[PDB]
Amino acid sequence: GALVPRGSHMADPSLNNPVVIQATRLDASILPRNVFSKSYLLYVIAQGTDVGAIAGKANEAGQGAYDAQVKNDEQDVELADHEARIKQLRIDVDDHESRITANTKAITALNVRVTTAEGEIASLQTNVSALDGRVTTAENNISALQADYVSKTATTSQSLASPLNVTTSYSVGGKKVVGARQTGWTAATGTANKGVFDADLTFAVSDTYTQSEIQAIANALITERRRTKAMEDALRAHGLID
């Protein structure tokens, strides 16, 4: 019961109902021959022919009007279908317009973030590269130190290709053994002795003088002060005393 535009209505079937002339075809023999002119006699029969023909035309026009109407009804159904489909497409397309506009803007936004990221990556590679070179270098210096340093914990003897100077003292076993050079010494004149020497030499001594005895005493002293010159020579050569 929706819209009823003027002039609209489905096909009117009555348009097909034919008018049927009920008058019997005119036979000249029923006409007034004495009283009607010949021209009027011809006119009456002619007008009789026309009435019948015009009825044919009117019936045909009605039929043609009906076909047009029936076709209109069918095109109205199609127009309505077309109308529904267009309205839905317009809605679908309007929805797409927005989603496409948002996608395009999300793409532009992603590009900025990736371009930034790319920059950070480039620098990170630069920093890691350089770092690698420094680590390799430090690592070489380390192993180089490890093969050349003196260990406080090594148990096997270690040697130095150089002389050594220490502060205030040397010790072994935790006991001082050597210190600063002992000064205040005057060098011993004379000829040192390092040859044979028997510290268990006895000296006989009698009740009366005896040159033999006393000589062996002063000589054992000479050989003694001399070996003492020797020991001193050795201690000064090292540097333990002045």
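A residue's number is simply how far along the shown sequence it sits, counting from 1.
Once the C-alpha B-factors are averaged per stretch, 92 to 100 and 79 to 87 rank with 92 to 100 first. The stretch 194 to 202 shows the higher mean C-alpha B-factor when 63 to 71 is compared against 194 to 202 in the entry. In this PDB entry, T228 carries a Cα temperature factor that places it within the highest third of its chain's modelled residues. The deposited CA B-factor of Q22 belongs to the highest third of values across its chain. Per-chain ranking of the deposited C-alpha B factor places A11 in the lowest third.
Sort the chain's modelled residues by C-alpha temperature factor and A2 lands in the highest third, per the entry. Remark: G173 belongs to the lowest third of its chain, ranked by C-alpha B-factor as recorded.
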